[PDB]
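Undergrad: For reference, the structure I am asking about is given below.
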Amino acid sequence: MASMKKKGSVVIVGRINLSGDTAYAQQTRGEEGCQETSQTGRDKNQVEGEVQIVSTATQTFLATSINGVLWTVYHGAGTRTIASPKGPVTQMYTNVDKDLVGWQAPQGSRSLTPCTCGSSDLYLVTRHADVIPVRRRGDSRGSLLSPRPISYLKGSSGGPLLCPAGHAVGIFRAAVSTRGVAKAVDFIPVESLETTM
Ligand SMILES: CCCCCOC(=O)N[C@H]1CCCCC/C=C\[C@@H]2C[C@@]2(C(=O)NS(=O)(=O)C2(C)CC2)NC(=O)[C@@H]2C[C@@H](Oc3nc4cc(OC)ccc4nc3C)CN2C1=O
Ligand SMILES: [Zn+2]
């Protein structure tokens, strides 16, 4: 018992910048400072933007602020705390059946607004700042207009699907693949987030 370890916190290590005309990824913390911030849970870095790049000791993925909650996938974060200036922050939402977790949105973040447009012309934002057109095909499915090998989507779970007006429609959860090519995506609808809230 006296040697039992504790899992570290999720750590914000960058963001997808969507403030201007060009989307691009930014790193805000290197691997060494990440490992150390994960152990202490104390992250004094300024947070900005809607889409964060997050990491554990073993995985990297995305997290998206919607309605003052930073949302991501359970298969990336598990039950982990997230690092903050004052120490580890405990999850506010956890739903393994939806592959969903959430923490209070960090100070300085900006939150996306839940989409009420009812539109099926969507856009997926990846960890590499690619904006991928996606046609909505169901409550939790959308097809890529230009299929990609799954390699290009790996590490983007927790990222947003957006409507033409930039509202949040869903959280990227899983890739639908045949022989390594992503033809469609599975996502957590924003309405399922609003119900969890
Ligand atoms: C079929 C259509 C729907 C399902 C069928 O489709 C698939 O399963 N396809 C698979 C294809 C895997 C090949 C790579 C696909 C490329 C990018 C994908 C975007 C994304 C990601 O980037 N991840 S990640 O950032 O790299 C990273 C690993 C976090 C670091 N996602 C996943 O890899 C998920 C995890 C797991 O799926 C679940 N795991 C769960 C685990 C839980 O508790 C542990 C609870 C609920 C879960 N619910 C679910 C649904 C399997 N994934 C798939 O996409
Ligand atoms: Zn909208």
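Each chain in the structure tokens gets a letter, A, B and so on, in the order shown; residues start at 1 in every chain, and ligands are counted from 1 in the order they appear.
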Using only C-alpha atoms and all ligand atoms, tabulate the residues of chain A lying at most 6 Å from any atom of ligand 2, each with its closest atom pair and that distance in Å to one decimal, by chain and increasing residue number, as a tab-separated table.

TA:
residue	atom	partner	partner_atom_place_in_ligand_line	distance
A:115	CA	ligand 2	1 (Zn)	3.8
A:116	CA	ligand 2	1 (Zn)	5.3
A:117	CA	ligand 2	1 (Zn)	4.2
A:163	CA	ligand 2	1 (Zn)	4.7
A:165	CA	ligand 2	1 (Zn)	5.3
A:167	CA	ligand 2	1 (Zn)	4.5

Undergrad: Within 7 Å of ligand 1, which residues of chain A come that close, and what is the closest atom pair and distance in Å for each? Count only C-alpha atoms and all ligand atoms and give it as a Markdown table.

TA:
| residue | atom | partner | partner_atom_place_in_ligand_line | distance |
| --- | --- | --- | --- | --- |
| A:59 | CA | ligand 1 | 30 (C) | 4.7 |
| A:60 | CA | ligand 1 | 30 (C) | 5.1 |
| A:61 | CA | ligand 1 | 25 (O) | 4.1 |
| A:62 | CA | ligand 1 | 25 (O) | 6.9 |
| A:74 | CA | ligand 1 | 42 (C) | 5.7 |
| A:75 | CA | ligand 1 | 41 (C) | 4.2 |
| A:76 | CA | ligand 1 | 29 (C) | 3.7 |
| A:78 | CA | ligand 1 | 44 (C) | 6.7 |
| A:96 | CA | ligand 1 | 45 (C) | 4.6 |
| A:97 | CA | ligand 1 | 46 (C) | 5.6 |
| A:98 | CA | ligand 1 | 46 (C) | 6.0 |
| A:99 | CA | ligand 1 | 46 (C) | 3.9 |
| A:150 | CA | ligand 1 | 16 (C) | 4.7 |
| A:151 | CA | ligand 1 | 16 (C) | 6.3 |
| A:153 | CA | ligand 1 | 17 (C) | 4.4 |
| A:154 | CA | ligand 1 | 17 (C) | 3.7 |
| A:155 | CA | ligand 1 | 25 (O) | 3.2 |
| A:156 | CA | ligand 1 | 22 (O) | 4.4 |
| A:157 | CA | ligand 1 | 22 (O) | 4.1 |
| A:172 | CA | ligand 1 | 19 (C) | 6.4 |
| A:173 | CA | ligand 1 | 31 (N) | 5.0 |
| A:174 | CA | ligand 1 | 54 (O) | 3.1 |
| A:175 | CA | ligand 1 | 54 (O) | 3.9 |
| A:176 | CA | ligand 1 | 6 (O) | 5.0 |
| A:177 | CA | ligand 1 | 11 (C) | 6.5 |
| A:186 | CA | ligand 1 | 3 (C) | 5.3 |

Undergrad: Name all residues at most 8 Å from residue 123 (chain A) (count only C-alpha atoms; drop same-chain ones fewer than 6 positions away) and give them as a ChimeraX atom specification.

TA: /A:131-134,161-164

Undergrad: Would you write out those residues with N, CA, C and O atoms, as a PDB file, in the first residue's frame?

TA:
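Saved file part.pdb follows:
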ATOM      1  N   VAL A 131      -9.128  21.570 -40.932  1.00  0.00           N
ATOM      2  CA  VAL A 131     -10.575  21.752 -40.854  1.00  0.00           C
ATOM      3  C   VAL A 131     -11.194  20.889 -41.944  1.00  0.00           C
ATOM      4  O   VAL A 131     -11.129  21.228 -43.133  1.00  0.00           O
ATOM      5  N   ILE A 132     -11.819  19.794 -41.533  1.00  0.00           N
ATOM      6  CA  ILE A 132     -12.238  18.723 -42.436  1.00  0.00           C
ATOM      7  C   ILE A 132     -13.746  18.824 -42.632  1.00  0.00           C
ATOM      8  O   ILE A 132     -14.498  18.645 -41.660  1.00  0.00           O
ATOM      9  N   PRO A 133     -14.233  19.087 -43.845  1.00  0.00           N
ATOM     10  CA  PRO A 133     -15.683  19.072 -44.070  1.00  0.00           C
ATOM     11  C   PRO A 133     -16.271  17.690 -43.821  1.00  0.00           C
ATOM     12  O   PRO A 133     -15.740  16.675 -44.281  1.00  0.00           O
ATOM     13  N   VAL A 134     -17.388  17.672 -43.097  1.00  0.00           N
ATOM     14  CA  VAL A 134     -18.085  16.454 -42.694  1.00  0.00           C
ATOM     15  C   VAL A 134     -19.572  16.668 -42.927  1.00  0.00           C
ATOM     16  O   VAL A 134     -20.137  17.665 -42.466  1.00  0.00           O
ATOM     17  N   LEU A 161     -16.719  19.109 -33.658  1.00  0.00           N
ATOM     18  CA  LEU A 161     -17.401  19.277 -34.930  1.00  0.00           C
ATOM     19  C   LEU A 161     -18.222  20.554 -34.846  1.00  0.00           C
ATOM     20  O   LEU A 161     -18.961  20.760 -33.875  1.00  0.00           O
ATOM     21  N   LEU A 162     -18.071  21.414 -35.848  1.00  0.00           N
ATOM     22  CA  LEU A 162     -18.677  22.735 -35.856  1.00  0.00           C
ATOM     23  C   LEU A 162     -19.639  22.865 -37.029  1.00  0.00           C
ATOM     24  O   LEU A 162     -19.480  22.199 -38.057  1.00  0.00           O
ATOM     25  N   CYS A 163     -20.634  23.727 -36.866  1.00  0.00           N
ATOM     26  CA  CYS A 163     -21.541  24.082 -37.948  1.00  0.00           C
ATOM     27  C   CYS A 163     -20.940  25.211 -38.771  1.00  0.00           C
ATOM     28  O   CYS A 163     -19.887  25.758 -38.430  1.00  0.00           O
ATOM     29  N   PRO A 164     -21.575  25.585 -39.886  1.00  0.00           N
ATOM     30  CA  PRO A 164     -21.005  26.665 -40.708  1.00  0.00           C
ATOM     31  C   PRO A 164     -20.801  27.957 -39.942  1.00  0.00           C
ATOM     32  O   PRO A 164     -19.916  28.746 -40.298  1.00  0.00           O
TER      33      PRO A 164
END

Undergrad: Of the candidates A:70, A:169, A:144, A:100, which shows the shortest atom-to-atom distance to residue 118 (chain A), using only C-alpha atoms?

TA: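 Smallest distance to residue 118 (chain A) is found for A:169.
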
Undergrad: Just asking: which residues within region 70-186 of chain A are alpha helix (DSSP H) according to DSSP, as a VMD selection string?

TA: chain A and resid 74 to 77

Undergrad: Please list as a ChimeraX atom specification every residue within 10 Å of residue 15 (chain A), counting only C-alpha atoms and excluding residues in the same chain fewer than 6 positions away.

TA: /A:24-28,47-54,62-64,127-129

Undergrad: With N, CA, C and O atoms kept, could you save the residues just selected as a PDB file, in the first residue's frame?

TA:
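Result file part-v2.pdb:
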ATOM      1  N   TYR A  24      -4.135  27.026 -36.852  1.00  0.00           N
ATOM      2  CA  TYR A  24      -2.827  26.419 -36.668  1.00  0.00           C
ATOM      3  C   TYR A  24      -2.661  25.980 -35.224  1.00  0.00           C
ATOM      4  O   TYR A  24      -3.186  26.607 -34.299  1.00  0.00           O
ATOM      5  N   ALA A  25      -1.927  24.887 -35.050  1.00  0.00           N
ATOM      6  CA  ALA A  25      -1.634  24.363 -33.727  1.00  0.00           C
ATOM      7  C   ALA A  25      -0.488  25.140 -33.092  1.00  0.00           C
ATOM      8  O   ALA A  25       0.449  25.567 -33.774  1.00  0.00           O
ATOM      9  N   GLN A  26      -0.585  25.339 -31.781  1.00  0.00           N
ATOM     10  CA  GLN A  26       0.461  25.963 -30.986  1.00  0.00           C
ATOM     11  C   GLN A  26       0.783  25.049 -29.819  1.00  0.00           C
ATOM     12  O   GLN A  26      -0.124  24.533 -29.164  1.00  0.00           O
ATOM     13  N   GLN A  27       2.065  24.847 -29.550  1.00  0.00           N
ATOM     14  CA  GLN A  27       2.473  24.162 -28.335  1.00  0.00           C
ATOM     15  C   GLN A  27       2.799  25.209 -27.280  1.00  0.00           C
ATOM     16  O   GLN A  27       3.471  26.206 -27.569  1.00  0.00           O
ATOM     17  N   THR A  28       2.297  24.992 -26.067  1.00  0.00           N
ATOM     18  CA  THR A  28       2.548  25.888 -24.951  1.00  0.00           C
ATOM     19  C   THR A  28       3.372  25.244 -23.844  1.00  0.00           C
ATOM     20  O   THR A  28       3.817  25.956 -22.936  1.00  0.00           O
ATOM     21  N   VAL A  47      -4.082  29.980 -20.237  1.00  0.00           N
ATOM     22  CA  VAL A  47      -4.891  29.221 -21.183  1.00  0.00           C
ATOM     23  C   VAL A  47      -5.649  30.200 -22.062  1.00  0.00           C
ATOM     24  O   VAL A  47      -6.157  31.220 -21.580  1.00  0.00           O
ATOM     25  N   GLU A  48      -5.725  29.893 -23.354  1.00  0.00           N
ATOM     26  CA  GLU A  48      -6.494  30.687 -24.299  1.00  0.00           C
ATOM     27  C   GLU A  48      -7.211  29.756 -25.264  1.00  0.00           C
ATOM     28  O   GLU A  48      -6.780  28.623 -25.491  1.00  0.00           O
ATOM     29  N   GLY A  49      -8.320  30.240 -25.823  1.00  0.00           N
ATOM     30  CA  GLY A  49      -8.962  29.568 -26.934  1.00  0.00           C
ATOM     31  C   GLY A  49      -9.963  28.504 -26.524  1.00  0.00           C
ATOM     32  O   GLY A  49     -10.175  28.199 -25.346  1.00  0.00           O
ATOM     33  N   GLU A  50     -10.582  27.913 -27.549  1.00  0.00           N
ATOM     34  CA  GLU A  50     -11.665  26.955 -27.357  1.00  0.00           C
ATOM     35  C   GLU A  50     -11.179  25.510 -27.357  1.00  0.00           C
ATOM     36  O   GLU A  50     -11.708  24.683 -26.609  1.00  0.00           O
ATOM     37  N   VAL A  51     -10.188  25.189 -28.184  1.00  0.00           N
ATOM     38  CA  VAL A  51      -9.724  23.819 -28.370  1.00  0.00           C
ATOM     39  C   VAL A  51      -8.323  23.705 -27.791  1.00  0.00           C
ATOM     40  O   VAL A  51      -7.390  24.363 -28.268  1.00  0.00           O
ATOM     41  N   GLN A  52      -8.175  22.858 -26.779  1.00  0.00           N
ATOM     42  CA  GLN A  52      -6.893  22.602 -26.141  1.00  0.00           C
ATOM     43  C   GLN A  52      -6.326  21.271 -26.612  1.00  0.00           C
ATOM     44  O   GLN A  52      -7.062  20.315 -26.868  1.00  0.00           O
ATOM     45  N   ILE A  53      -5.007  21.226 -26.730  1.00  0.00           N
ATOM     46  CA  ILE A  53      -4.281  19.971 -26.864  1.00  0.00           C
ATOM     47  C   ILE A  53      -3.864  19.528 -25.468  1.00  0.00           C
ATOM     48  O   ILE A  53      -3.241  20.298 -24.725  1.00  0.00           O
ATOM     49  N   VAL A  54      -4.204  18.293 -25.105  1.00  0.00           N
ATOM     50  CA  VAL A  54      -3.957  17.792 -23.761  1.00  0.00           C
ATOM     51  C   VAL A  54      -3.153  16.503 -23.845  1.00  0.00           C
ATOM     52  O   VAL A  54      -3.142  15.807 -24.866  1.00  0.00           O
ATOM     53  N   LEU A  62      -7.380  15.882 -27.650  1.00  0.00           N
ATOM     54  CA  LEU A  62      -7.908  17.236 -27.606  1.00  0.00           C
ATOM     55  C   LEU A  62      -8.980  17.370 -26.535  1.00  0.00           C
ATOM     56  O   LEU A  62      -9.534  16.383 -26.042  1.00  0.00           O
ATOM     57  N   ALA A  63      -9.262  18.623 -26.187  1.00  0.00           N
ATOM     58  CA  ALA A  63     -10.338  18.966 -25.270  1.00  0.00           C
ATOM     59  C   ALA A  63     -10.947  20.288 -25.715  1.00  0.00           C
ATOM     60  O   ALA A  63     -10.226  21.198 -26.137  1.00  0.00           O
ATOM     61  N   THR A  64     -12.272  20.385 -25.613  1.00  0.00           N
ATOM     62  CA  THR A  64     -13.041  21.478 -26.196  1.00  0.00           C
ATOM     63  C   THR A  64     -13.937  22.105 -25.138  1.00  0.00           C
ATOM     64  O   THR A  64     -14.673  21.394 -24.445  1.00  0.00           O
ATOM     65  N   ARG A 127      -6.119  17.865 -34.371  1.00  0.00           N
ATOM     66  CA  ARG A 127      -5.000  18.337 -33.563  1.00  0.00           C
ATOM     67  C   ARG A 127      -3.921  18.995 -34.407  1.00  0.00           C
ATOM     68  O   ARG A 127      -3.054  19.679 -33.854  1.00  0.00           O
ATOM     69  N   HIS A 128      -3.941  18.787 -35.723  1.00  0.00           N
ATOM     70  CA  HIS A 128      -3.011  19.430 -36.637  1.00  0.00           C
ATOM     71  C   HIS A 128      -3.603  20.682 -37.267  1.00  0.00           C
ATOM     72  O   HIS A 128      -3.026  21.216 -38.218  1.00  0.00           O
ATOM     73  N   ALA A 129      -4.741  21.152 -36.759  1.00  0.00           N
ATOM     74  CA  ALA A 129      -5.423  22.349 -37.240  1.00  0.00           C
ATOM     75  C   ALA A 129      -5.989  22.178 -38.643  1.00  0.00           C
ATOM     76  O   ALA A 129      -6.226  23.169 -39.341  1.00  0.00           O
TER      77      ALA A 129
END

Undergrad: For residue 10 (chain A), which of A:147, A:166, A:114, A:87 is the closest residue, counting only C-alpha atoms?

TA: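 The answer is A:87, which sits nearest to residue 10 (chain A).
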
Undergrad: Please determine, counting only C-alpha atoms, which residue among A:1, A:34, A:197, A:188 has the shortest atom-to-atom distance to residue 104 (chain A).

TA: A:197

Undergrad: Taking into account only C-alpha atoms, which residue in the set A:3, A:109, A:178, A:192 is nearest to residue 140 (chain A)?

TA: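 Of A:3, A:109, A:178, A:192, the one nearest residue 140 (chain A) is A:192, counting only C-alpha atoms.
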
Undergrad: Determine, counting only C-alpha atoms, which protein, DNA and RNA residues have an atom within 8 Å of an atom of residue 77 (chain A); residues of the same chain fewer than 5 positions away are not included. Present the result as a count of residues only.

TA: 4

Undergrad: Would you mind reading off the distance between CA of residue 36 (chain A) and CA of residue 5 (chain A), one decimal, in Å?

TA: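 Distance reported for this atom pair: 15.0 Å.
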
Undergrad: Could you find all residues in region 6-192 of chain A that DSSP calls strand (DSSP E or B) from the backbone, and write them as a count of residues only?

TA: 88

Undergrad: For residue 124 (chain A), which residue among A:6, A:110, A:141, A:80 is the nearest when counting only C-alpha atoms?

TA: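 Closest to residue 124 (chain A) of all the choices is A:141.
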
Undergrad: Compile the contact shell of residue 138 (chain A) as a PyMOL selection string: residues with an atom at most 12 Å away, counting only C-alpha atoms, same-chain residues fewer than 4 positions apart removed.

TA: chain A and resi 118-121+134+142-143+170+184-189

Undergrad: Could you state the separation of CA of residue 90 (chain A) and CA of residue 73 (chain A) in Å, given to one decimal place?

TA: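 The value is 15.0 Å.
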
Undergrad: To one decimal place, how far is CA of residue 86 (chain A) from CA of residue 44 (chain A) in Å?

TA: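 One can read the CA of residue 86 (chain A) to CA of residue 44 (chain A) distance as 8.0 Å.
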